[PDB]
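Look below for two forms of one protein chain, each set out as structure tokens: first structure 1, then structure 2.
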Structure 1
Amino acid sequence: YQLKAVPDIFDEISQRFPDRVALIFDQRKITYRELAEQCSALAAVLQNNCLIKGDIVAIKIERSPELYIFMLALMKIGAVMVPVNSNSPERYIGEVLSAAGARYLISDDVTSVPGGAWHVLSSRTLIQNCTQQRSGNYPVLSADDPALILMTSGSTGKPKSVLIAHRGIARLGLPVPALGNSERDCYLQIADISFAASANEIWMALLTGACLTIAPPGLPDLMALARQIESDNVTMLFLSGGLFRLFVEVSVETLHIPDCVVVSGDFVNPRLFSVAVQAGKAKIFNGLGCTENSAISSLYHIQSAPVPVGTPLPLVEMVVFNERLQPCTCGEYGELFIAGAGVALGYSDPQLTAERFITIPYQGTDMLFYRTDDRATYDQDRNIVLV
């Protein structure tokens, strides 16, 4: 429960599991030792290319081993990464970079980037200049230092910048009791990198010694995904509601190859969960995530199909408060508030942060909560349910 910055956890994990497979792309496999060496070589290049701690650096790199190498190397030098979907239109990309205050954009295709205040660097040319020579003077990083910026948005899709601390994703190295996950597991990287949900896949894998098999770039091809799940022995499968429901409709057997399936997003129609759970013995979970809590935040194990939020992940606390910030009684409707290691550092404007990140005395601690938009209450057993 003493959390470190991501590069420090990864250093420990890679030293402890150097021979385990960290990344799979098509049929290419990269051990933790190989990945660690490439991250170190690239971090030295990034220091050579005038990046420093605190720099806001966007990443626009298609799914590939290099994408994750850049994530690790940027965090090692203390940069704040801003991952961008490669399929996003140029205007929304400019909107994201402007919202984030990005100063640099690292891309695997510099010809498809919007013009703005940022400086564009070529990921492929940077990789090309990597030497075996590792370097050495990296910044001291706290679990509370910024690591990442994700966007959230309302009805109109205008992006709002969310600053994520190292601890917010470093917590994903803590094994989740309901999942039973460990270094023996394999995850599938398919969520878009600009989504908090992508952190579930990347960091639960790489901060535990487990394997991350990387989906091909582009929109999902369920035949290729089904082959990938089987061929690469995916054991922890995170799916959006849409991808989950579509697999139920067209290939439900694929869902029972893994040990655990976690469904993120707005609740899928329970009839579809009913079909899925009747079709095999995989443990199927409804997951609750929140961009302002960095990643997946709670899990409810669906055995039969309001919506229970289930059991929070390690170092996550959840409470339902009403409009006057009082803990709700049974059946009283309020909002879900989330506290703990995942809570974002805030938004880019501090007046926006002050109204949604609220300190409330709870069970003896003056605890910082994020106020979600999720309406909720308590059931008769003091379990949180969404309404």
Structure 2
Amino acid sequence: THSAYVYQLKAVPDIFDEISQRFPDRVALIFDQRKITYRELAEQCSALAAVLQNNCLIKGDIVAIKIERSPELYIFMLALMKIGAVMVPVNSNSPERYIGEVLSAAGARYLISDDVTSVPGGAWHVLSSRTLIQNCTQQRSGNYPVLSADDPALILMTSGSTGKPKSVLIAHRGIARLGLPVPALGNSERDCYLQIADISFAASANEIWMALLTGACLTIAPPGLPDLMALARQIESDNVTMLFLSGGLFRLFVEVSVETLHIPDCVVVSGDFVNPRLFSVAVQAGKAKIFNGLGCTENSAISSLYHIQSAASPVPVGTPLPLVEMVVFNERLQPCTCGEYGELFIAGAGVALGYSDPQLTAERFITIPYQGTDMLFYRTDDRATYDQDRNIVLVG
């Protein structure tokens, strides 16, 4: 099925199967000089999924992943999606104490890891990603679940503005929406993305799933902390065209090698306020399209984009991605006028299933009649308003 009804989204493995069948000879993954086509990637995902099912992993099992950046990492993500497991990606750069707190808060039953020696002990059962990969047979025949867009796919950790920790349950639809080409970016199967954001952060979905659910290429940064010299060579040598950056990596690049930012076609800076002067230096250094991007864990992935063009307050966060609705509501749950201040609320395909805390879920996921639809909204706790062109601007 390849439906032209853009709102009708499938579960992640179904979109990938469609993409891998349509672009089987396109390159899906690049690590160093190892390159993997969609055809080979789909074969490895099927074989691993069969292995995972024969290790009694089933739909709804909470499975943590601690695998350094590598092609195997993304083969495991796809295979766990195909069996309907709920992934809990773990920061490989985090101390063992914190990882155990993550897995206990997530309710992880299993921990798949590429280094079973450096993992915390607990109620979860540790599985070796290396031994699972070794056991992959040429037969990938399996009886897999019929997954829907609303089935859970991921558990990601986040914090509120005042530091309270929250466990967010993300549905397949929240990352499956990234298979829809974003008109602001003009992306397609011809693009190439750079995987640098840690898998424990929702921003990593921007890179992983916009690539693999569109037929584009994902080139994988080396594991560990960012090496800007290697990243610059990698951006050039693999022809990265869609570059997603945190505020730290963007600022550092503006300060030490701004020209690197103009090798890609589009550069998206998300995660926090950015000094507007940094945008002005970047915009004036080349013809790449530089965007201020808004995302939240509770909306799955990148949610809004604002293209910076000129010199003429914080930069707006712009207009929502496909299937995302953003509304600034005042204290009476009324849409705000231009210049009126309120709180940003987000609705549509990205909205998470909720928190592990049911009382917090009911506070922050509320249903509001809006434009004829009883719409489920996530309350961002971000103060905001509209500008003259209806662009959304967060004002902190």
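Just so we're on the same page, rigid core means the largest C-alpha set that superposes within 1.5 Å between forms. Numbers follow structure 1, counted from its first residue as 1.
Colleague: Would you indicate which listed residue, out of 159, 139, 220, 94, moves its Cα by 2 Å or more between the two structures relative to the superposed core?
Modeller: Result of the comparison: 159.
Colleague: Any CA movement of 2 Å or more for residue 359 between the two structures, core superposed?
Modeller: It does not, since the residue 359 C-alpha is displaced less than 2 Å between the two structures after the core fit.
Colleague: Taking the rigid core as reference, does the Cα of residue 49 move 2 Å or more between the two structures?
Modeller: No, shifts by less than 2 Å.
Colleague: Superpose on the rigid core, then tell me if the C-alpha of residue 17 is displaced by 2 angstroms or more between the two structures.
Modeller: Stays below the 2 Å threshold, so no.
Colleague: Align on the rigid core first, then pass along the CA displacement of residue 324 between the two structures in angstrom.
Modeller: Here the C-alpha difference is 3.1 Å.
Colleague: Rigid-core fit: what Cα movement does residue 373 have between the two structures, in Å to one decimal?
Modeller: Its C-alpha moves by 1.7 Å once the cores are overlaid.
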